[PDB]
2 protein chains.
Amino acid sequence: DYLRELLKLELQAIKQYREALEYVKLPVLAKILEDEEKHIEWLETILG
Amino acid sequence: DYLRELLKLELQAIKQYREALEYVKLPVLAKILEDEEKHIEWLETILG
Ligand SMILES: [Mn+2]
Ligand SMILES: [Mn+2]
Ligand SMILES: [Mn+2]
């Protein structure tokens with residue numbers, strides 16, 4: 001369950017960073033989004 | 001305000017990931033934690 005909570009937080013965050021990126025095109029937001037996409041891939045892998 | 005909000009989501013993730021690491025000790029969690037700490041630094045730069 002702690003694992004599903006983490007995936008929920010990453011999906012939660014990916015949605016907000018996308019909205020931020022839409023509002024202002026600061027490249028560092030895209031860079032963070034690439035990291036978060038990796039985090040989601042890793043948590044999905046831990047969940048099998 | 002929207003940036004402060006992303007910063008808070010990173011603080012929340014750092015707390016949860018640290019707790020998860022404390023319990024299952026998977027290396028990949030430590031990698032994610034390193035990234036989130038970087039995200040915090042980047043956002044703090046943008047902010048005050
Ligand atoms: Mn929003
Ligand atoms: Mn993350
Ligand atoms: Mn992050």
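To find a chain, count down the sequence lines: A is the first, B the second, and so on, and within it residues start at 1. Atoms within each ligand, like the ligands themselves, are counted from 1 in listed order.
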What are the two closest heavy atoms between B/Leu47 and B/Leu7, and how far apart are they?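 So the minimum-distance heavy-atom pair works out to CD1-CD2, 3.9 Å.
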
Contacts of the Mn ion (ligand 2) with protein N/O/S atoms, counting only those under 2.8 Å: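 As for protein N, O or S atoms lying under 2.8 Å from the Mn ion (ligand 2), they are A/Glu10 OE1, A/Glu10 OE2, A/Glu36 OE1, A/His39 ND1, B/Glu36 OE2.
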
Using 0.5 Å steps for rounding, measure from the CD atom of A/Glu41 to the NZ atom of A/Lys38.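 So the CD of A/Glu41 and the NZ of A/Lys38 are separated by 3.5 Å.
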
What is the distance from atom CD of A/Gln16 to atom CD of B/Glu5, rounded to the nearest 0.5 Å?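 Answer for the CD-CD pair, A/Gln16 versus B/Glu5, is 9.0 Å.
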
The Mn ion (ligand 1) to nearest N/O/S of A/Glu19 below 2.8 Å: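 So A/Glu19 counts as coordinating the Mn ion (ligand 1), yes.
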
If the cut-off is 2.8 Å, does any N/O/S atom of A/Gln16 fall short of it from the Mn ion (ligand 1)?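 Within the cut-off used here (under 2.8 Å), A/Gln16 does place an N, O or S atom near the Mn ion (ligand 1).
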
Got A/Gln12 and A/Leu9 here, is their nearest side-chain heavy-atom distance under 4.5 Å?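 A/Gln12 reaches A/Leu9 side chain to side chain.
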
Could you tell me whether A/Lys25 atom NZ has more than 12 heavy atoms of other residues or ligands within 6.0 Å of it?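 Result for NZ/A/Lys25: enclosed.
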
Do the side chains of A/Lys31 and A/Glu34 get close enough for a salt bridge, i.e. N-O under 4.0 angstrom?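 Looking at A/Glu34 together with A/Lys31, the answer is no, because their closest N to O distance does not fall below 4.0 Å.
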
Using a strict cut-off of less than 4.0 Å between a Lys/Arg side-chain nitrogen and an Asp/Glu carboxylate oxygen, indicate whether B/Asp1 and B/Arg4 qualify as a salt bridge.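 Judged by the 4.0 Å cut-off on N to carboxylate O distance, B/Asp1 and B/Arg4 do form a salt bridge.
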
